[PDB]
């Protein structure tokens, strides 16, 4: 019911609307809908209106750019010149960026118009989006449920239909989990495929961090593919998959360290069944699948060190630099195991998370949180296992809508493909989405 980013760019080139009109309608949707959601927490409406006029001048001057005049937002952690980058920290609430980030620079060169920035948790360290500077973002499908983490403001903006395109970052599921919670499309990209420059920790110039990636978020896979081509360091190989027949799928509905809803399991099997009916082959086990239990142990270990920048708590000896090199070897080994698995399979079908969006939690300690799995208690932090494979291995993982649970909360599919095949992930997701309409 809302214009996609590509449709918007065509509507401005095609003449039925101007870049200023596209920007004032987006502002109008933001103001008419954000009240109960609280997604667009930084607003730059006057500078955006001037950018739209400049875009219409380019449109008048016969200039055509793939995203020309398209209004959009970006996650609050990405630097935009003249805007605050806080990461949810009150200490950093007044840190104003003096230059655009690389991803914003690429999208602005494609002609995009940035209206503001979307909400995040403190330090981008939660699966919900709430912080002292901006407040809390509420899921648009259920205001009592969380809207996902770090990219949750982005996903709630797309789900509420305010803007057609968004961009997030993902060190522990922050593109896929919000897209899952809010039923939108999110692409965790191949590690090192998109520059993090400008995704700086506030008041620093440190943006590069292992396991972490930045990726597009939208409501259509065509929007993800185009935003990825605009933002990637180099053009990534386009997908040659025309249809689903012959596709080899490994379907994972179980994990050795966590669990999934029965609604989540049925949804993921229905996606595999719909592709099976479209000529794909679906396996449910493989001798080549790496040890998912050892994976999440290595992953959490490396994740803790990266977030602590090596510093060690409570007088513990810090991990040595020599041991950090061995951990990178452990990761590299694990990536080779996934290359062998991806010789037999084109994609992994698995949950994004074990359950749908949980009710708002004021508890910062994940060990003190809990989840309800079919009316039973499950550990909160153990759910990181579904996220760990694509993050630790570097593989791209797509989170795409599959439907909703009995309570009307969205359930998304995760599609994991081999490294550097991001366009295959998008292409397969589009075909799955069509196969479910059958």
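Numbering follows the first chain given and starts at 1.
On average, are the C-alpha B-factors higher in 339 to 347 or in 154 to 162? The deposited B-factors put 339 to 347 ahead on the C-alpha mean.
* Asked: Looking only at CA atoms, which has the higher mean B factor in the entry: 116 to 124 or 317 to 325?
  -> It is 317 to 325 that shows the higher mean C-alpha B-factor.
Checking the entry, which one of 231, 137, 189, 245 has the top C-alpha B factor?
Top of the list by C-alpha B-factor: 245.
_Just to confirm, going by the entry's C-alpha B-factors, which of 280, 214, 227, 147 comes out highest?_
Largest recorded C-alpha B-factor: 280.
*Compare the C-alpha B factor of residue 200 with those of the other modelled residues in its chain, then answer lowest, middle or highest third.*
Middle third.
- Task: Report the third (lowest, middle or highest) to which the CA temperature factor of residue 6 belongs, ranking only the modelled residues of the same chain.
- Result: Its C-alpha B-factor belongs to the lowest third of this chain's values.
ask   = Within this chain, which third does the Cα B-factor at residue 37 fall in: lowest, middle or highest?
value = For residue 37, whose C-alpha B-factor we compare with every modelled residue in the chain, the answer is the lowest third.
Taking the entry's C-alpha B-factors for this chain, is residue 92 in the lowest, middle or highest third? Residue 92: CA B-factor falls in the highest third of its chain.
**Q.** Position of residue 372 among the chain's modelled residues by C-alpha B-factor, lowest, middle or highest third
**A.** Its C-alpha B-factor, which the entry lists for residue 372, ranks in the middle third among residues of this chain.
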